[PDB]
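Got a structure for you, written out below as structure tokens; questions coming shortly.
Chain lettering (A, B, C, D, E and F) follows the sequence in which the chains are written, and residue indices restart at 1 in each chain.
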Amino acid sequence: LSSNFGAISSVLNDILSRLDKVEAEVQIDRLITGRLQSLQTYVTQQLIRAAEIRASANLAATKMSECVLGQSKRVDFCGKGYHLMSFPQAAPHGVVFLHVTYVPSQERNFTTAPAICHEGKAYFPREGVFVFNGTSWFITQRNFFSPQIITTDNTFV
Amino acid sequence: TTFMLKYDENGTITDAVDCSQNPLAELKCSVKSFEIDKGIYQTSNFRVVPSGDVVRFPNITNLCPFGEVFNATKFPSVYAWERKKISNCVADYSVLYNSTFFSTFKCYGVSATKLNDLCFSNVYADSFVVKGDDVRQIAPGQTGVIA
Amino acid sequence: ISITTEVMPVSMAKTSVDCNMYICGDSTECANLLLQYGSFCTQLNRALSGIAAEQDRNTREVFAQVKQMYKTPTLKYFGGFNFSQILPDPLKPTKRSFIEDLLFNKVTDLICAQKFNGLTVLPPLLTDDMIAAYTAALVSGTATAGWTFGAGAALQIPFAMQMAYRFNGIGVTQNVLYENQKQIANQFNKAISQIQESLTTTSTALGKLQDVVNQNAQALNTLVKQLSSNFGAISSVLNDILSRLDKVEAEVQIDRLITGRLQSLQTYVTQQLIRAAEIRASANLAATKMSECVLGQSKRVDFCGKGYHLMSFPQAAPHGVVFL
Amino acid sequence: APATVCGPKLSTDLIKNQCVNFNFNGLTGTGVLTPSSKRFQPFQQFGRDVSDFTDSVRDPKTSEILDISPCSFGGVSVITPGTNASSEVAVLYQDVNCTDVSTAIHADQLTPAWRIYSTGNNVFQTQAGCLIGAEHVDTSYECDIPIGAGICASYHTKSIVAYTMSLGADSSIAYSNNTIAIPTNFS
Amino acid sequence: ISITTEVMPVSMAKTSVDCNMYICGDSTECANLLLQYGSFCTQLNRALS
Amino acid sequence: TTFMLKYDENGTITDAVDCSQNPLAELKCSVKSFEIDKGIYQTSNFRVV
């Protein structure tokens, strides 16, 4: 607004109070079309920025549907590790989620194979790894050492 | 020098930043703040010019070709105008311009003050004598008269 | 088992046009007239400086996805599977994959000579060596660890046992791998050798990326031809107008020329904001694909692959990601 | 054409040196004025760029072929830690070259023209610009302030350090025929 | 079992415009006058093409 | 006539294109090339009176 778009001064009432309506029109119509171009610049900056926020609002709305109202199975969309739930917290012009994650920590160098030691044709587990600790075979869930006795209900042919 | 002033709420200049004092102080005039967050910004200025080479053509260096035009006597008619080619003559339009001999000096295309400096490849004095009502009418456009 | 080239553009050229040098190549007789337009420099040069800092944020959203980085495993043959895609150290002097070697050719101390136009191109903040360093570990960790690799620290798994969970991730039973573990291994290694033949010729990884390579560098080529325009002035060259027009008559002829050239930047810097908003939307897509096709197995279909999805691999590309 | 009707200005002689206000027959401007190898048929005395600039001229006195590169413009990006954390002196780009600017800050050849500026001494050169102020250290922590082409600035030894970027950390996991690794505790 | 509509726009009107017919279609002196601007015959038309 | 010119890296004109020769050559003067890939292109106006 304090520009000088080819005019005398952008204090617009000074132009009316100096140039009298027939030469002022030159000093204002050049001053308008630079000032009106600044709005058309500004509104273009707002339309693009609203498109960037709507893209971030539609992304936040899908997080509100999936990280909050359910549990998203797809990884690193809600949380960082395996995702439990999320708590949406209000924020000024925004949403802060609190992604409750699993993130398993204490690993153990174990040893496994599917070609198990049995006289019949070998078995394969139903959600198992055929883990082997010291002088004992087990099956566990893949992300927690829960050693279960290798039995019929765990495996199949 | 560009020079930031910090006015206060009450209206006292309490602090200031010289723009070209530090590049840190250059930043403060750019973002218009005193507490700059960690990062990287701009001021985009660069590279002034030390020297000047004004080398132009002539080794022969003749001078004043159009003294034999304007101070020459015979100018033909309107339609029978003469075109005169000028070759290798360092002209001095400043001698021509400041001496007020001419009624109409509608210096079209170029301007007389900067006409002294630049170079050309041919000038052509097209000379002819008209009735005074057509003096304004020898211009780009102005086609209505018969001249 | 078929593998599929999917190519996401993630970035473009970090262009930063110099608004002063573009409008008026060095002439402070002009730069007074451009100073009285107020802030169409420095809002120009902020609106696409905000692009250029964001054009690395896209590349950090995509590749900077695993926290710790993983050295290239030596014995690339992984229980049947060949893996000629995992950056061979002793053969290649450059540190990138052999498939990636086939990618950087199929597009388009290097300092720019800084032409009269006022343009420049900032370099990308992640080098192609570092981008290939990411896609080293993204391929390596997915082959070695795979799962908590995305969730956190790496938990190493023998690659047949890893794939058998991914077949179990489809729904087909774990038996069906080891029943056909050699036949599965040969179809995998056959499919990669097609990719070392198909995108050698047919220009597909060209195609989606060469749109970004052309159109961003083509709007530069329109921007530089606006300097040749006249805009109702006498001479298109700004130096000619200062050289022969009284500097009070020039302030008509310059001012008719600045409002053209300043409007040709607002034509340009608007279209760079919009192309950045398309590429960010393509980078936010690719940041999910490296999250959900690479760090894990996705079950939402026709998103990663074009079938039931086993696993994927990033490959580096110039301003892009080629997924396999 | 061969420039015929000239003015009374005396003709100086060319220099290869940067940033000369050249006036080859009314063609004003500035720039590096290095001679080059271009053909220049005798009926063409003024060469142009790929799109319309004064690029290459014939010296009309000495008939020599020379092209013009313009004066080394570009952005100037200062790099700071936070002033409340450290009002310690900024380090800066100059977006061209080391030797072109370091030999142009020995006198007033730039026009940001900083009054007190105890630099350069630690002048690096990167792919992006030149990066005057900061100390290039070959260690590599993590990118704090991004610079360009895989180097980043920060605030370490306290100085400003223009380290090249490290990528995360190095992790040693072994692929094996048999060994799986499952976790026990979890956060 | 409740079925639910969900409406999704996928395209809009493929609108082109002759730049020279919009600015001044009948006058060729104006088309001469428009010619000394930039490539707004091309680039403005190529953008929405 | 609008009339394209190829200048060599040397500097001698190696080839030229009349814009209004054939509709292949309207394209070459429009996209500023000789080698055209495929597809569909533009140079518009019609209908003298």
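In the analysis below, a residue touches a chain if its C-beta (ideal position, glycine included) is under 8 Å from a C-beta of that chain, and two chains touch if they have at least 3 such contacts.
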Chain separated most widely from chain A, comparing mean CA positions: B
B-C compared against A-C, more contacting pairs: A-C
CA centroid of chain C to CA centroid of chain D, Å: 24
For chain D paired with chain F, centre-to-centre distance based on mean C-alpha positions, whole Å: 38
Centroid distance [mean C-alpha coordinates] between chain D and chain A, Å: 37
Multi-partner residues of chain E (at least 2 other chains): 42
Chain pairs that touch, as defined at the top of this document: A-C, A-D, B-C, B-D, C-D, C-E, D-F, E-F
Interface residues, chain A side, partner chain C - complex: 2-6, 34, 37, 41, 44-45, 48, 51-52, 55, 59, 73-77, 80-82, 102-105, 107, 112, 114-115, 124-127, 129, 142-143, 156-157
For the chain D and chain A complex, residues of the former touching the latter: 178-187
Touch list for chain C against partner chain D, complex: 16, 18, 20-21, 25-27, 45, 53, 56, 64, 66-71, 73, 75, 78-79, 109-111, 113-118, 120, 122-127, 129-130, 133-134, 137, 141, 143-145, 148, 153-159, 161, 221, 224-225, 227-228, 236-237, 239-240, 242-244
Of all residues in chain E, those that touch chain F in their complex: 18, 20-21, 42, 45-46, 49
Residues of chain B touching chain D in the complex: 18, 20-24, 26-27, 34-59, 65, 86-92, 94, 116-123
